[PDB]
Structure formats: C-alpha cells, structure tokens
Amino acid sequence: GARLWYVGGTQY
Amino acid sequence: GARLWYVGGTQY
Amino acid sequence: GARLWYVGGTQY
Amino acid sequence: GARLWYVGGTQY
Amino acid sequence: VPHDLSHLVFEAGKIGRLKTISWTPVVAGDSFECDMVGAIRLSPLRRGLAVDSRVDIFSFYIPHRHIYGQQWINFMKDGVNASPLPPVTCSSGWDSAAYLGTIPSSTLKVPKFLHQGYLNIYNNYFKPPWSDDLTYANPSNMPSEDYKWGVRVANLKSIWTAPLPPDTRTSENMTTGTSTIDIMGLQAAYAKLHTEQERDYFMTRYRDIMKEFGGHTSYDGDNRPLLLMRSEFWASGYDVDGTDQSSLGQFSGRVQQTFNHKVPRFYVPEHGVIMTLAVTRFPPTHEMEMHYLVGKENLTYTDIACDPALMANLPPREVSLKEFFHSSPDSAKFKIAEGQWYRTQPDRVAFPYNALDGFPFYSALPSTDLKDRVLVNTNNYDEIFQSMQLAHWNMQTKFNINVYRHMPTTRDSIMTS
Amino acid sequence: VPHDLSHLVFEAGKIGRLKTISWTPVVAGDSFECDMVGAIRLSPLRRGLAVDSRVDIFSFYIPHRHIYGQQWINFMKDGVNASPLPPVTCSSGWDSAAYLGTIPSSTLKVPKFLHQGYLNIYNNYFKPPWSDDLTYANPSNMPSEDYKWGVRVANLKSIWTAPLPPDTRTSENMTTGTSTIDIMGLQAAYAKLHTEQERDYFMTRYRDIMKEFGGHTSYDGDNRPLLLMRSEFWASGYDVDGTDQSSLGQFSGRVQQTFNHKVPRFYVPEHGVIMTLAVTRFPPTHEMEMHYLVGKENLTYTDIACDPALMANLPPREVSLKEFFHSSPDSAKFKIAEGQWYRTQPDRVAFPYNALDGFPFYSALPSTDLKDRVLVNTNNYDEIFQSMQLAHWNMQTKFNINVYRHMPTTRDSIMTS
C-alpha cells in the first residue's frame with residue numbers, strides 16, 4: 001500500500 | 001492570474 | 001568560409 | 001576489436 | 001573503436017557489508033556497457049536451506065572532478081605537465097583495500113577516487129539518512145573490517161529496524177505570554193514546525209528539499225555518484241542429503257545462484273571510474289522479537305482501538321528495545337509512529353529454534369544503540385555456516401564489458417613512425 | 001499559477017560595456033518565459049546616419065548555489081532558522097550598482113548573486129579567453145566606469161582586434177645531445193607541443209578541453225551561468241533635415257530601433273536569478289588602419305606569393321601596431337597567423353574623414369597594450385554624439401514576463417485563518 005518507513009530520505 | 005491588491009473593497 | 005579568429009575559446 | 005598483443009609474429 | 005575490457009572476477013565477502021567487485025577507469029566521451037554474469041554461493045551452511053538471501057548489485061559512475069575537485073580541473077587544463085594526482089594511503093594487509101576490490105599497490109597506496117569514490121557512494125545511498133558521513137581520509141583510517149569486507153549496509157526495513165529519526169521532536173513549545181497567547185503567532189508556529197518536520201523525516205538531503213520545491217538537481221549540484229544500474233535478486237540452491245551411518249537424516253543447504261546484471265550502454269561525460277559493488281543480506285529475522293501489543297503490558301484505548309482521529313493526530317511514540325524484545329533493557333529507546341504496530345507484523349520464530357545453529361536468523365539481542373542496531377550486525381551469521389575461509393559468500397563472474405572510444409591503436413602507438 | 005512579473009525598463013549606457021537591464025529572482029521548480037519588446041535609441045549624433053550599430057541582448061540563468069556554494073546548500077537544509085545570506089557592499093553613488101541594473105539599497109549594499117552573478121557571466125562569455133578573471137569582491141572594488149555603465153566587452157573580430165593568444169609560442173626547443181638527436185624523442189616532442197598548442201588556441205577552458213575529448217560538461221561542472229537566450233540586431237533610424245538659414249544642408253541622424261527578445265519558457269531547476277543584459281557596439285572601424293602588405297615596406301616571397309606550403313607550415317608571425325596603423329610604435333606587438341593578411345581586408349576610411357566628428361569610427365590610435373586595444377575603447381565615441389545626459393544609448397522596453405508556480409495566493413497569506 002502506502003509508504004511506511006521514514007529515515008529522512010533513501011537508505012538502500 | 002489571481003487577485004493581489006487588497007485595499008478593503010474597490011478603488012478606481 | 002572556415003574559422004579565422006582564435007582567442008582560445010568564445011568571446012562574445 | 002583491433003589487434004593488441006605483438007610478440008614479433010604468431011605464438012600459439 | 002570497441003575496446004573489450006572483459007575480465008573474470010573471483011569474489012568473497014561478509015553478509016551486510018558493501019564491497020567493490022569491479023571498477024573500470026573511463027575516459028571523457030566513451031560509451032560503456034557491461035554484462036556481468038555469474039553465480040553467487042554462500043558458505044556451506046550447517047543444516048538444510050531455510051531462507052533465501054537477497055542480493056543487490058550496483059553500478060555507479062563517479063567523475064574524477066567529483067573526487068579531486070579544482071585540482072582535477074587544473075590538471076586537465078595544465079595538460080601534459082600537470083602535477084601528478086596523489087594516490088591515497090592504505091593499511092598493511094594484502095587484504096587492506098578489499099573494499100575497493102583491488103590489491104594495494106606495492107607501496108600500500110591506492111587511487112583517491114577509488115577511496116573517496118567508495119566513500120561518496122556509501123554516504124549518499126547506504127548510510128542511514130540521519131546518520132553522519134564517513135569522512136575517512138585514507139583507507140588506513142577506516143576500521144579493519146570496514147575495509148576488509150566493506151562498511152555495513154542497513155538492515156531490511158522492519159518496525160524496530162527503521163525507527164523514526166532519533167532527533168525527531170516529540171513536542172514543540174511556543175513561548176506564550178503569561179495570560180494570553182497570540183492566535184496569529186500560534187498559526188505561524190505551526191508553519192515553522194512543518195518545515196522542520198519535513199526536513200527531519202524526508203528532506204535530510206538538499207537534493208531532497210529541492211525536489212519538494214518541484215525542481216531538480218544534477219548529480220553535479222551535490223556531487224553524488226550517479227547510479228547507472230541496479231540488480232536485485234534472491235539467491236537459492238539445494239540441500240545435500242548425508243548418507244553414512246551417522247549423518248543419514250542430516251542435510252546441508254547448497255546455495256548456487258546464477259545471476260546477471262546489465263548496465264545499458266552509457267555515455268561517459270567526463271573521465272572517471274565506474275564502480276560495481278555487491279551486498280548480500282538476510283531479512284532481519286530475530287529469534288526473540290515480540291509483537292508490540294503483546295510485549296507492552298497494560299493496553300489502553302489508544303493502543304488497541306486504532307481510532308483514526310487519535311493515530312492521525314498525536315506525536316511520535318518513544319519506545320524501548322523492551323517493548324519488542326523479550327529481555328531487552330527498558331533504557332534503549334527509539335521513536336515510532338503511533339499505530340505503527342497496526343501497519344505491520346514481525347516474523348515469528350518458535351523458541352525451539354533460538355538454540356539452533358544453521359538458521360540465517362538474528363539470535364543475539366539488538367544493539368542498545370540506534371545506528372548499530374539498524375545497519376546490520378553481520379557477525380550474528382557466523383554460526384550459520386560450517387567452515388569458511390571464503391567468508392560468508394563467494395562469487396565467480398565474468399564481467400563482459402564493451403567500451404567504444406576513439407583510441408589510437410596497438411601498432412600506431414608502438415610505431416614511432 | 002501564472003505570476004505576471006511584467007515591468008517597464010528605462011535604460012541607458014555607454015557603447016562597448018555590458019550592463020544589466022533586468023533581473024527576476026526565480027524559485028526552484030518554476031517555469032519562466034519573457035517577451036521583451038521596446039525601442040533602442042542612440043544619443044543624437046552630430047551628422048547624418050553613416051553606420052548601423054549592432055545590439056546584443058542576453059538572458060542567463062545563474063543558480064544561487066553557484067554563488068553561495070556550500071553556504072547556500074546549508075541554508076536550504078537548515079531551513080527557516082538558516083543564517084541570513086550576507087549581501088555585498090557598494091560605492092557611494094546612486095549610480096553605484098548601475099551595472100547590476102539596480103539601485104544600491106539604502107545602506108549601499110546589494111545581493112552577492114547580483115554581483116558575483118554578473119562577475120560570473122562576464123568572466124565566462126565576454127572577457128577575452130587568455131585574459132584574467134574579474135575577481136572583484138564587491139562592487140566597491142570595480143572601476144568607477146566598470147560599475148557605472150559596465151565592464152568593457154570585446155571589439156568585433158578584425159585582423160588586429162583578434163590577435164593570436166599573446167602567450168603563443170613562436171618556437172619550441174627540444175634539448176638535444178651534442179652530436180645526436182633522438183629520432184623517437186623528437187616525435188614525442190611534437191606530440192607534447194600539439195597538446196600545448198591546442199590548449200593555447202582553443203581549449204583555454206576545462207569545459208573546452210573536455211569537449212575535444214568527445215565528452216560534455218554540465219554548466220554545473222564548471223559553475224558557468226547558463227545562456228538561455230540570445231538576440232542580436234542592428235539598430236537604425238532616419239536623418240532629420242535642418243531647415244533654418246544657417247543649418248539648411250545639415251542633418252542629424254535619429255536612431256530609433258524597435259527590437260524584441262523572446263526567452264522561451266524555461267524550467268528553473270533551483271532557486272536563482274535570471275539576468276538580462278544589453279551590449280551596444282560599432283564595427284571596429286579605425287580611421288588610420290593600413291593593409292598589412294601596404295604598411296610593411298619590403299615584400300618578400302613569403303608575404304606576397306601565398307605559397308600554400310609556406311603558410312601551412314611556419315610559426316605564428318609577431319607583428320606590431322606599426323604594420324597596421326600609420327604612426328603607431330614599432331614596439332606594440334601581437335601574434336598573427338601567417339597569411340592572415342590574405343584571408344581578410346580592413347575597412348578603409350579616406351583621410352578627409354579623420355577630421356570629422358559625427359562618424360561612429362575609431363579616430364585615435366590603438367592601445368599599445370593587447371587587452372585594452374581589443375576590449376573596445378568606448379570613449380572614442382564621445383565625439384560622435386551632440387549633447388548627452390542619456391549616455392551614448394537609451395532604451396525603453398516593456399518586459400512581459402510570465403512565471404508559473406505553486407504559490408500560496410494573495411488572500412490566503414493575509415488570511416491568518
């Protein structure tokens with residue numbers, strides 16, 4: 001579904 | 001575009 | 001014809 | 001592409 | 001003309017560490033394409049296969065200018081009599097540049113663009129985003145295992161493995177008057193916090209705070225290595241049945257995975273290196289993770305009802321490794337989004353397992369510390385393999401590269417003529 | 001939504017100096033388009049029209065990052081509580097920012113991106129290419145007339161007005177042995193000189209030495225203002241016939257030129273300024289230039305025959321302002337390409353003229369110095385006009401701009417709500 005994890009950008 | 005100037009009505 | 005002036009690049 | 005190795009002929 | 005720069009690669013590394021497997025110096029104006037095809041193997045594990053590991057192969061382009069800055073610019077300008085480009089220094093070990101997929105020259109020194117190039121690729125795409133940059137000067141400055149097998153990459157997103165940014169505000173004060181508040185000031189207060197919150201959660205990167213403006217930033221605006229191609233896959237294999245008197249009913253999982261990666265032709269704007277790195281990881285399955293609601297004792301209306309109005313309107317919740325792990329200290333905290341426990345589900349491993357070596361799971365308890373307990377804890381996989389002098393995983397690939405240039409030629413260079 | 005940022009422009013400046021006529025601060029992600037339409041007038045000249053002047057209007061995009069570098073990056077990241085961006089300082093004169101087409105704030109200070117922005121646009125597209133950068137810190141550091149009317153642009157290519165780069169080698173030694181030369185070393189000697197010669201003549205710019213590699217460099221690689229649009233035209237008008245007892249048979253040339261410039265819609269990647277500058281110039285017609293072959297006394301086979309083999313194979317020829325101008329010192333030199341006198345022809349002005357004010361020609365002798373005698377000598381046009389408190393040329397244009405954003409709105413900002 002919708003986004004979940006938020007680190008402050010993109011983490012591979 | 002959209003309105004800008006606001007005097008409190010109409011000023012000729 | 002062919003180029004002539006050469007300054008070392010572009011001069012406006 | 002093009003040749004590379006040069007020994008002075010053919011080496012098997 | 002086509003320059004066949006193909007070569008074989010015999011690789012090996014740890015589990016959650018980024019490692020360079022191939023690099024090809026490129027010149028300004030040449031087109032680069034590669035077809036990397038091989039097989040990925042894990043060290044022999046102690047029992048039969050249980051869970052497939054996921055593999056990520058990356059190819060990036062980092063122009064030299066990005067690395068030497070103005071020094072490079074001058075070098076190109078100066079031309080033939082430009083001052084030589086100083087390489088970087090390394091540590092006393094034939095396996096002291098490993099992370100750079102190269103053997104440190106005879107003097108234990110190596111290209112800075114190999115080092116910084118690598119540094120730049122991690123600090124921009126792997127390092128957690130609230131995290132601090134690897135400002136290592138030389139490979140002789142990075143931890144032994146960081147430069148042996150490579151720096152630790154981040155665990156696959158879980159609930160506890162992707163906490164909210166630790167610097168995340170749980171409250172915000174507006175200095176008010178003693179017997180009055182400014183109804184208009186309050187409004188403003190909210191506008192500022194918004195801009196702050198966004199930076200904290202999503203735009204920790206310039207290129208990011210920009211994009212939300214509806215603009216774009218060239219990888220040249222923020223000196224970021226350009227991600228050319230990305231392949232991801234799950235490696236598998238088969239079990240081997242023991243058949244002697246003593247090991248009849250015993251198995252050993254053999255993970256042989258054929259993979260392929262294709263970097264489409266690419267136009268190299270300037271001189272630089274193309275780095276190709278690999279990273280092997282397992283889903284963050286811990287043998288002692290408990291469902292938040294089942295680990296936190298008294299269940300309030302806010303925790304159990306999933307009232308939209310509530311979840312959609314209160315501050316992030318600070319929790320401890322203790323509401324998620326069965327023995328874990330009450331003291332190791334992290335911020336979670338309210339109702340996060342309802343958007344997810346941990347994997348569950350019966351206790352009968354936590355006493356068994358051969359299972360690619362997380363035995364040990366997390367790492368009190370945020371960072372460390374996110375970027376994967378490789379070592380907790382040492383017990384999953386049999387014997388190993390080929391690390392945790394080994395790879396045998398044939399890097400089929402093809403570069404189209406405007407090169408002299410082999411005979412016209414050796415032909416003084 | 002469309003933001004009408006149109007405005008009128010009442011301009012005026014000198015002849016061969018670059019001057020900012022309009023600038024519009026833009027935000028990341030907005031689209032910018034402009035339609036500049038007006039008329040260009042020259043001050044009233046002393047006699048009838050004789051030669052049309054050419055006009056160049058330029059619109060460039062210089063992102064802020066380009067100007068504040070990392071300081072800007074941090075500013076955007078820091079957000080609301082970022083340290084303010086320090087403006088630049090200016091000189092005591094209401095006409096002390098003129099070149100920036102803006103009135104210096106009440107404290108005689110102005111945006112650095114207005115200053116550096118301008119600096120960057122000259123040092124990258126107008127300043128002669130062998131020439132040194134305008135490393136002015138603040139407008140209070142630039143010559144009075146450079147910042148009043150703007151820095152001097154380069155004269156239109158002539159034979160004497162586009163000499164070979166002054167640092168151009170007329171010879172190259174290869175240290176040889178006493179009684180032997182290395183046939184192979186010699187070969188190499190030639191390869192190096194080649195690379196040198198190219199840099200000298202064509203690739204004095206990184207972005208240039210790159211392009212000849214078959215690559216490309218983003219205006220972000222070398223921080224160069226991006227040239228969005230360019231209009232060029234020749235301004236004309238008509239003569240006015242005097243009709244009183246004394247000035248019947250006398251005329252005054254009136255130069256009224258309707259022009260238009262269109263900057264096609266443009267996507268602003270990041271926050272920055274769009275500078276629009278004008279430059280008015282006359283062809284470099286001197287009243288005393290002589291044909292090289294006619295000014296250099298004894299004509300040798302090499303000068304008169306135009307032997308292909310010869311011209312195509314000897315070093316650049318060093319000449320003096322004396323083989324081209326009738327009184328000029330034997331001492332002021334410049335390097336020309338052999339046979340250059342056969343690829344060209346100077347304009348010719350009868351002596352009857354050199355005693356007449358009202359003709360947009362070069363009266364005075366060149367300027368012993370290379371630089372100065374290339375970048376136009378404006379002042380030698382002062383005598384061509386009648387009276388003038390509107391400089392040499394004045395302009396009246398209506399800058400029809402249209403920006404498409406994602407703006408709040410006029411009522412929703414003043415509506416605490």
# chains A, B, ... in the order shown; residues from 1 in each chain; ligands from 1
call {"tool": "residues_around", "arguments": {"residues": "residue 363 in chain E", "least_positions_apart": "2", "cutoff": "7 Å", "atoms": "only C-alpha atoms", "output": "ChimeraX atom specification"}}
result
/E:286-287,354,361,365,380
call {"tool": "write_last_selection", "arguments": {"atoms": "N, CA and C atoms", "output": "PDB file, in the first residue's frame"}}
result
ATOM      1  N   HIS E 286      14.807 -11.824  13.882  1.00  0.00           N
ATOM      2  CA  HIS E 286      15.354 -12.065  15.229  1.00  0.00           C
ATOM      3  C   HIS E 286      14.554 -13.196  15.874  1.00  0.00           C
ATOM      4  N   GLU E 287      15.242 -13.963  16.690  1.00  0.00           N
ATOM      5  CA  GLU E 287      14.651 -15.134  17.347  1.00  0.00           C
ATOM      6  C   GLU E 287      13.889 -14.762  18.629  1.00  0.00           C
ATOM      7  N   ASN E 354      15.797 -20.819  18.658  1.00  0.00           N
ATOM      8  CA  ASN E 354      16.827 -19.939  19.269  1.00  0.00           C
ATOM      9  C   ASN E 354      18.016 -20.714  19.882  1.00  0.00           C
ATOM     10  N   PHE E 361      19.130 -16.487  10.947  1.00  0.00           N
ATOM     11  CA  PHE E 361      18.300 -15.585  11.775  1.00  0.00           C
ATOM     12  C   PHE E 361      19.182 -14.836  12.777  1.00  0.00           C
ATOM     13  N   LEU E 365      20.534 -10.339  20.901  1.00  0.00           N
ATOM     14  CA  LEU E 365      19.605  -9.235  21.153  1.00  0.00           C
ATOM     15  C   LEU E 365      20.052  -8.032  20.329  1.00  0.00           C
ATOM     16  N   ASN E 380      26.390 -11.954  13.548  1.00  0.00           N
ATOM     17  CA  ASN E 380      25.354 -12.874  14.041  1.00  0.00           C
ATOM     18  C   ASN E 380      24.933 -13.869  12.961  1.00  0.00           C
TER      19      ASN E 380
END
call {"tool": "residues_around", "arguments": {"residues": "residue 259 in chain E", "least_positions_apart": "6", "cutoff": "10 Å", "atoms": "only C-alpha atoms", "output": "MDAnalysis selection string"}}
result
chainID E and resid 36:40 55 57 231:235 397
call {"tool": "interface_residues", "arguments": {"of": "chain B", "to": "chain F", "cutoff": "9 Å", "atoms": "only C-alpha atoms", "output": "CSV table (one decimal) with C-alpha atoms, in the first residue's frame"}}
result
chain,number,residue,atom,x,y,z
B,1,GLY,CA,-3.7,35.4,-12.6
B,2,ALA,CA,-5.2,35.7,-9.1
B,3,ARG,CA,-6.1,38.9,-7.2
B,4,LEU,CA,-3.3,40.8,-5.4
B,5,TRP,CA,-4.1,44.3,-4.2
B,6,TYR,CA,-6.5,44.5,-1.3
call {"tool": "atom_distance", "arguments": {"atom1": "CA of residue 12 in chain D", "atom2": "CA of residue 10 in chain E"}}
result
26.7 Å
call {"tool": "residues_around", "arguments": {"residues": "residue 295 in chain F", "least_positions_apart": "3", "cutoff": "12 Å", "atoms": "only C-alpha atoms", "output": "list in words"}}
result
residues 288, 289, 290, 291, 292, 298, 299, 319, 320, 321, 322, 323, 324, 325, 326, 327, 328, 330 and 341 of chain F
call {"tool": "write_last_selection", "arguments": {"atoms": "N, CA and C atoms", "output": "PDB file, in the first residue's frame"}}
result
ATOM      1  N   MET F 288      42.702  55.071 -39.413  1.00  0.00           N
ATOM      2  CA  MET F 288      44.121  55.041 -39.828  1.00  0.00           C
ATOM      3  C   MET F 288      44.702  53.627 -40.018  1.00  0.00           C
ATOM      4  N   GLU F 289      43.852  52.625 -40.134  1.00  0.00           N
ATOM      5  CA  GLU F 289      44.339  51.244 -40.348  1.00  0.00           C
ATOM      6  C   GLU F 289      44.759  51.064 -41.814  1.00  0.00           C
ATOM      7  N   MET F 290      45.945  50.501 -41.991  1.00  0.00           N
ATOM      8  CA  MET F 290      46.503  50.232 -43.333  1.00  0.00           C
ATOM      9  C   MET F 290      46.609  48.720 -43.574  1.00  0.00           C
ATOM     10  N   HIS F 291      46.502  48.348 -44.845  1.00  0.00           N
ATOM     11  CA  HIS F 291      46.639  46.941 -45.266  1.00  0.00           C
ATOM     12  C   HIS F 291      48.069  46.502 -44.965  1.00  0.00           C
ATOM     13  N   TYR F 292      48.163  45.435 -44.207  1.00  0.00           N
ATOM     14  CA  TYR F 292      49.453  44.902 -43.755  1.00  0.00           C
ATOM     15  C   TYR F 292      50.527  44.968 -44.854  1.00  0.00           C
ATOM     16  N   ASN F 298      59.398  46.203 -47.346  1.00  0.00           N
ATOM     17  CA  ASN F 298      59.908  45.239 -48.351  1.00  0.00           C
ATOM     18  C   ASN F 298      59.101  43.947 -48.328  1.00  0.00           C
ATOM     19  N   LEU F 299      58.520  43.661 -49.476  1.00  0.00           N
ATOM     20  CA  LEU F 299      57.686  42.471 -49.669  1.00  0.00           C
ATOM     21  C   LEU F 299      58.548  41.300 -50.162  1.00  0.00           C
ATOM     22  N   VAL F 319      53.923  40.688 -35.125  1.00  0.00           N
ATOM     23  CA  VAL F 319      53.804  41.963 -35.818  1.00  0.00           C
ATOM     24  C   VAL F 319      53.576  43.076 -34.774  1.00  0.00           C
ATOM     25  N   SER F 320      53.656  44.319 -35.231  1.00  0.00           N
ATOM     26  CA  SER F 320      53.475  45.497 -34.355  1.00  0.00           C
ATOM     27  C   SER F 320      52.350  46.374 -34.874  1.00  0.00           C
ATOM     28  N   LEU F 321      51.785  47.106 -33.942  1.00  0.00           N
ATOM     29  CA  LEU F 321      50.719  48.055 -34.238  1.00  0.00           C
ATOM     30  C   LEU F 321      51.173  48.954 -35.389  1.00  0.00           C
ATOM     31  N   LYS F 322      52.438  48.764 -35.751  1.00  0.00           N
ATOM     32  CA  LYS F 322      53.120  49.597 -36.761  1.00  0.00           C
ATOM     33  C   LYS F 322      53.002  49.084 -38.191  1.00  0.00           C
ATOM     34  N   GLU F 323      52.586  47.869 -38.350  1.00  0.00           N
ATOM     35  CA  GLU F 323      52.454  47.313 -39.692  1.00  0.00           C
ATOM     36  C   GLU F 323      50.996  47.376 -40.110  1.00  0.00           C
ATOM     37  N   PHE F 324      50.233  48.078 -39.287  1.00  0.00           N
ATOM     38  CA  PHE F 324      48.781  48.144 -39.455  1.00  0.00           C
ATOM     39  C   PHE F 324      48.191  49.544 -39.248  1.00  0.00           C
ATOM     40  N   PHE F 325      48.914  50.373 -38.525  1.00  0.00           N
ATOM     41  CA  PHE F 325      48.462  51.743 -38.220  1.00  0.00           C
ATOM     42  C   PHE F 325      49.598  52.710 -38.611  1.00  0.00           C
ATOM     43  N   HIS F 326      49.192  53.817 -39.216  1.00  0.00           N
ATOM     44  CA  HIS F 326      50.111  54.777 -39.881  1.00  0.00           C
ATOM     45  C   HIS F 326      51.137  55.546 -39.017  1.00  0.00           C
ATOM     46  N   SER F 327      51.049  55.517 -37.711  1.00  0.00           N
ATOM     47  CA  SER F 327      52.018  56.291 -36.894  1.00  0.00           C
ATOM     48  C   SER F 327      52.548  55.458 -35.736  1.00  0.00           C
ATOM     49  N   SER F 328      51.744  54.462 -35.466  1.00  0.00           N
ATOM     50  CA  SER F 328      51.888  53.508 -34.359  1.00  0.00           C
ATOM     51  C   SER F 328      53.322  53.014 -34.136  1.00  0.00           C
ATOM     52  N   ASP F 330      56.587  50.933 -33.312  1.00  0.00           N
ATOM     53  CA  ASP F 330      57.199  49.702 -33.795  1.00  0.00           C
ATOM     54  C   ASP F 330      57.132  48.623 -32.681  1.00  0.00           C
ATOM     55  N   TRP F 341      46.822  38.111 -43.668  1.00  0.00           N
ATOM     56  CA  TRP F 341      46.570  39.316 -44.470  1.00  0.00           C
ATOM     57  C   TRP F 341      45.866  38.963 -45.790  1.00  0.00           C
TER      58      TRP F 341
END
call {"tool": "residues_around", "arguments": {"residues": "range 142-153 of chain F", "least_positions_apart": "4", "cutoff": "7 Å", "atoms": "only C-alpha atoms", "output": "count of residues only"}}
result
16
call {"tool": "atom_distance", "arguments": {"atom1": "CA of residue 159 in chain E", "atom2": "CA of residue 371 in chain E"}}
result
14.5 Å
call {"tool": "residues_around", "arguments": {"residues": "residue 7 in chain A", "least_positions_apart": "2", "cutoff": "6 Å", "atoms": "only C-alpha atoms", "output": "compact mmCIF listing (two decimals) with C-alpha atoms, in the first residue's frame"}}
result
# COMPACT_ATOMS: atom_id res chain seq x y z
CA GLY A 9 15.36 10.07 2.57
CA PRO E 129 20.00 9.36 6.40
CA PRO E 165 14.81 9.79 13.12
call {"tool": "interface_residues", "arguments": {"of": "chain F", "to": "chain E", "cutoff": "6 Å", "atoms": "only C-alpha atoms", "output": "number ranges by chain"}}
result
F: 28-29, 77, 206, 213-216, 220, 269-270
call {"tool": "write_last_selection", "arguments": {"atoms": "N, CA and C atoms", "output": "compact mmCIF listing (two decimals), in the first residue's frame"}}
result
# COMPACT_ATOMS: atom_id res chain seq x y z
N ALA F 28 12.95 27.49 -7.22
CA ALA F 28 13.13 26.10 -7.64
C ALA F 28 11.78 25.51 -8.07
N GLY F 29 11.76 25.09 -9.31
CA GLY F 29 10.60 24.41 -9.88
C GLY F 29 9.66 25.35 -10.66
N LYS F 77 19.01 23.55 3.69
CA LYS F 77 18.88 22.41 4.60
C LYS F 77 18.39 22.90 5.97
N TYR F 206 38.25 24.34 -19.34
CA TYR F 206 38.09 22.88 -19.00
C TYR F 206 37.00 22.28 -19.84
N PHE F 213 37.42 15.92 -26.27
CA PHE F 213 37.65 14.53 -25.84
C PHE F 213 36.44 13.71 -26.28
N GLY F 214 35.41 14.45 -26.67
CA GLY F 214 34.15 13.90 -27.17
C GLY F 214 33.12 13.77 -26.04
N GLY F 215 33.41 14.43 -24.94
CA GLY F 215 32.53 14.41 -23.75
C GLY F 215 31.77 15.73 -23.63
N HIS F 216 31.06 15.84 -22.52
CA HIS F 216 30.26 17.03 -22.19
C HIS F 216 30.34 17.31 -20.69
N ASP F 220 27.10 22.88 -14.52
CA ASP F 220 27.20 22.62 -13.08
C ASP F 220 28.58 22.04 -12.73
N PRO F 269 15.56 24.80 -12.44
CA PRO F 269 15.89 23.65 -11.61
C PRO F 269 15.94 24.01 -10.14
N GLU F 270 16.71 25.04 -9.83
CA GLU F 270 16.88 25.53 -8.44
C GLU F 270 16.62 27.04 -8.36
call {"tool": "residues_around", "arguments": {"residues": "residue 237 in chain F", "least_positions_apart": "2", "cutoff": "8 Å", "atoms": "only C-alpha atoms", "output": "VMD selection string"}}
result
chain F and resid 49 235 239 253 to 257
call {"tool": "atom_distance", "arguments": {"atom1": "CA of residue 312 in chain F", "atom2": "CA of residue 336 in chain F"}}
result
13.4 Å
